[PDB]
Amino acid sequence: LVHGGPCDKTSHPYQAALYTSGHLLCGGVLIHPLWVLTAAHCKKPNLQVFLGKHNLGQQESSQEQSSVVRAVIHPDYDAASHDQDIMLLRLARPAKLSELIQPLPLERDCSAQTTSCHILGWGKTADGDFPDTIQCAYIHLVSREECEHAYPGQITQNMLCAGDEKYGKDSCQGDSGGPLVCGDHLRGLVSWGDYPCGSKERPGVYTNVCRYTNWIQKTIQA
């Protein structure tokens, strides 16, 4: 996450850190004590989910760890175009909820109003390093027509765009699968965007969570 700052340690209880090979790979969102929602491009072997993390460089009293039982990628995910970039992870152990570990409710309304949003993650910052402390930024939803011109032929109905025209606040590598929060609801998941990270010119592209209500329900009930 570029051009942001450290989060208030009590503001992100839904945030998950996804590790493979001992390093941070992706973010994720706790949506149910047994499930974390992330991007399908985060599928890697032996994912380890960390809940209640703020600083990755220190052992915290709030942190919980879980292996993944199964990873459920959306049947229509297209890695070439990033279309339907969503995956459900079933936790081996139900998340022990606290004031620092809580699920985030999903936005089910695709017409939903709220344009003022926020992003968070442990992805690459402006200096190019991977921060130990989670980063936050307030960003705004970018209209469908405007995102379509930034990335011609690349934006589907399963994607939402968001960014910051003023300073370029944007998600980055490592933020993938993290949340786009609008009106205290999960509106999107970090999917892709511009290279290098920064949304001054072209906005960040997010998986449109409202489109997956049925599939998320059906997966959780399976």
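Position 1 is the first residue in the sequence shown; the rest follow in order.
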| property | result |
| --- | --- |
| Entry-level comparison of average CA B-factors, 30-38 and 51-59, reporting the higher stretch | 51-59 |
| 151-159 versus 185-193 - which carries the larger mean C-alpha B factor in the record | 151-159 |
| Selection from 84, 102, 81, 116 [criterion: highest C-alpha temperature factor in the record] | 116 |
| Residue 177 - which third its CA temperature factor falls in, relative to the rest of the chain | lowest |
| Entry-reported Cα temperature factor of residue 127, expressed as the chain third it lands in | highest |
| CA B-factor placement of residue 211, once the chain's modelled residues are sorted into thirds | lowest |
| Record-listed C-alpha B factor of residue 136: chain third | highest |
| Third of the chain, ranked by Cα B-factor, where residue 199 sits | highest |
